[PDB]
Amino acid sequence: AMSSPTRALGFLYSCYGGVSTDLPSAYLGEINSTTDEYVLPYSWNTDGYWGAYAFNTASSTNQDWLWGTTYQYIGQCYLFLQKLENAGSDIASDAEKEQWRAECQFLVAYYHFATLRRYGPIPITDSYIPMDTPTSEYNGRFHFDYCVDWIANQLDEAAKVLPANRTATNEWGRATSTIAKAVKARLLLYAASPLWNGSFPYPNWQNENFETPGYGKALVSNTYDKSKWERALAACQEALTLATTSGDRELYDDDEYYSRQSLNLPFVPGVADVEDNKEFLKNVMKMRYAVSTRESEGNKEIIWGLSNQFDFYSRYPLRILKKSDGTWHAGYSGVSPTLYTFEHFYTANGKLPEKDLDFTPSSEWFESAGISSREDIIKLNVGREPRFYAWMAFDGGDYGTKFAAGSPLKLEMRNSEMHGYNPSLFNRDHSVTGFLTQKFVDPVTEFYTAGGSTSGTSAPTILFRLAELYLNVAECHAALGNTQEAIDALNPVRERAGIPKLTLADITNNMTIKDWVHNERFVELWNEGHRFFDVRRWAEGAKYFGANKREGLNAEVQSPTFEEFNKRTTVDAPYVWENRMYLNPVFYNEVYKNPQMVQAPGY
């Protein structure tokens, strides 16, 4: 029970059990595969929950009940805390008890946050609830702003006690003050956002028979409050300062890991491997490693990462390599980046393709770039930023480095017997848009002719990393009209990625400071489980997630010509946006079970 130090530690370990909820980058997860970043084949809607959320068929009886999990571990935390109060000096010292209490405090707060960000106003559960508790005493939802204040206060208390950094020695990353402050930063940032700060779509949604101190039956603010941005800024600043001092965090900036691993610099159209281009090409590899390495490999950017892995086959091309037995190594090729993605990664000059005077006019984006032996490469895919070539892949281009028996795999997205659409051969699997991503793919990844393969060295799945803290501070400054300081916050991230810094001159009526911040966030944290939340908190669901917004190439036709393939094509699946989609529906049974609980609007 708590009959010994090792038993107690085991109990504490089990309290961390819910932290993988809504895991970033997991391809079947709705926070990953329902945004305008990329789409999955419509026929994959039978797998997981992503379909129900993308196509608005989620319901109180058809939903991902992560609430079940978060409050489960919240209860586990308070159960632990209860037993610990009765535990003697034989179990743990007073100093260690203090540490354990802080860890639980952080976990409870985080678990509430994980629930809040999906469900909106939630019941605050700050004790263990005995199963014989009368139904009349169940908490209902507390007003969003009440929830925010409590979570924030809990994180601040934990932060007083927890260490700022820990050495990574195993797969259990225990809480730090740095993580506590980072969570609070993202929390307040969300809270200051339009959805929760003046633009909630259902102003009249409220409690029926439950009161929040300070708010009565109200559940969400309907009035813009600038002070929320002020507090968010201070919180984001503090998180950044902590992380970069006693947190011992810094942006991954190693330009030579590829070299130490005996790899060639990557092929990039229009950027040959010559002396003058070394910096650009090394930046491409830097950005591949930045999101696929361990601290033991020199990465000090991760604030909170998990040992939990996510699947890669879903992003690999179809036929990878023919084995000596005549059979093929194959991927699923389902993770399909949209034209929105391909149009909002930057040009080499650090600008949007549409906006960049030095970039191809949109009228010519789908023409061949005329690259010898790679004529399939269209002009849109030439002249882009390092992050583009690091993380994206396209017809005529290379996928990976060691990928196919030690060589990069050239993509043939129009070939029905290689990487193109062909249900008779590949069943459900194909790129929906004619693009692919190789983000998170270890450069050492390699499939062998003799059979078997390697994915190099695994890396933690990232929950919080330092680049985000820069972006969070930038967004707060932007909201407050601090233009130079917003710029100052973005520039370390831009500089690391090998594109030009911003100046005041770049802020105009054609590209606002908010445009820059939001787009830098779109790019840097692409496929890291942010866009789902960011579009929602910005109250821009209809704009970005609505019907017909998602586009790609003409990729669901067999054996197309170059000309047939390279046409702007609406993704042909029943994507929609409706306002109820901002919030996750509450499990039917829970609404029934808790008399004080109210369903999300529209469900």
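Residue numbers run from 1 along the displayed sequence.
- Taking only CA atoms, the mean B-factor in the PDB entry is higher for 163 to 171 than for the other of 163 to 171 and 186 to 194.
- The question of which stretch, 233 to 241 or 254 to 262, has the higher mean Cα B factor is settled in favour of 254 to 262.
- Considering 219, 432, 339, 371 together, the PDB entry gives 371 the largest C-alpha B factor.
- Of the candidates 91, 102, 517, 463, the PDB record gives 91 the highest C-alpha temperature factor.
- Among the modelled residues of its chain, residue 300 has a C-alpha B-factor that falls in the highest third according to the deposited record.
- The entry lists a Cα temperature factor for residue 547 that places it in the highest third of the chain's modelled residues.
- Per the deposited record, the Cα B-factor of residue 41 falls in the lowest third when ranked against the other modelled residues of its chain.
- Compared with the other modelled residues of the chain, the Cα B-factor recorded for residue 226 ranks in the highest third.
- Ranked by C-alpha B-factor against the other modelled residues of its chain, residue 155 falls in the lowest third.
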